[PDB]
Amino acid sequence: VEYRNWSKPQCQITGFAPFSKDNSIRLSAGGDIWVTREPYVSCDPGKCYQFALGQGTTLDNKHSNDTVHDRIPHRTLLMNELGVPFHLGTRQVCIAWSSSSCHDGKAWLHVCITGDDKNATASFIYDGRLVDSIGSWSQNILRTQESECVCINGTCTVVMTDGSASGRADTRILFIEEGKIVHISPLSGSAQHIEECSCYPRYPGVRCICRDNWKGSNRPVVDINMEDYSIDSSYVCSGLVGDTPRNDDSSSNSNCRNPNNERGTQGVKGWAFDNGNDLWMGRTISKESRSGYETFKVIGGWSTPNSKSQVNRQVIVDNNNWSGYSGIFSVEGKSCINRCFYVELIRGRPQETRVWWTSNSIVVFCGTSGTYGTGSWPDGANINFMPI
């Protein structure tokens, strides 16, 4: 087996086609299924896997009310082949209330963070063994991407933050070789707050679109140079911004450089990617709630500040249904690298108070150069049919 280089051009896409759906919550009403949140997808050279952070319990289980507590020690990273729901035979890969995973072409790396809020531990597990660990540097919830990391030529990179979720924090970019941290670079550039980066290979480097939880409803961009470990950062140019909450399209702004200070506090994990001057992106349909999901291309969305001309819109989840986190993953084809994404479909609390638990299912779409129609692929569980 050879290391992945991702040294193929990006696939020229026309939109996205349906790829996978796990129906987790529907199944939870008639079977033993893990309570989860913060899912993601990552593929080895042959096939894709779904990941999520378990809550140390199944849904039809009195322990499912534990989701009211943050970052419990029982949270573990779950890993299954994509489309296999999180049943009781699911492997718990590590202890984690925040994680990132990626395959370097030879083996899996898992970054798993657990322990006390003020003194967390990140474990680095490669090829089935613990290779390294790092402690909290700002004593305030050491945390990572909640989506796939990216490896080029045997060096994997992952973005981590420690510090305030509502003010200046300490973001660092780690470079990892076979599980061993070989370099750490501080965040540099004009991004002022970085959470939950959605990263993708853009040979020879890595590009991340993240969540500003402090002053921006425009999404920050982090650019990682894999040759010399240098970091740059800015904000997505698009005037159609990607965060939730955000302003209406008619009053939203981005200048590519600074947080827009428009309903900037809080946010949701999301993604976008460049194609020349243009931008492909997803976001919730609701401006203030994690409801619905849509994708579109913004003409000049990458290069032109405040660009608002969209095309190729697709509804993924209609606005009568709950969404959640979303993130990118990349899949190597015969001649190009394709971009795909997943959407977390959150059910239960806080939005649905009949039940005491919070959990999710997922839906997954992949880039296509072909054609497609329309639809909506929500979680689909009837809240009234669920164990409370």
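Take the two forms, find the largest set of C-alpha atoms that superpose within 1.5 Å, and that set is the rigid core. Throughout, we count residues from 1 along the sequence that is shown.
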query: More shifted region, core-based fit in 6 other deposited structures of this protein, 65-73 vs 50-58 by CA; finding: 65-73
query: Between 355-363 and 61-69 (mean CA B-factor, as deposited), the higher; finding: 61-69
query: Of 30-38 and 331-339, the stretch whose C-alpha atoms average the higher B-factor in the entry; finding: 331-339
query: Member of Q12, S376, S20, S24 with the greatest C-alpha B factor (per the PDB record); finding: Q12
query: Candidate set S291, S217, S98, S138 [ranked by C-alpha B-factor, highest]; finding: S138
query: Ranked C-alpha temperature factor of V317 among modelled chain residues, by third; finding: lowest
query: Where the record places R257 (Cα B-factor, split into thirds across the chain); finding: highest
query: Ranked against its chain, the third holding the CA B-factor of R349; finding: middle
query: Where the record places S133 (Cα B-factor, split into thirds across the chain); finding: middle
query: Third of chain Cα B-factors occupied by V182; finding: highest
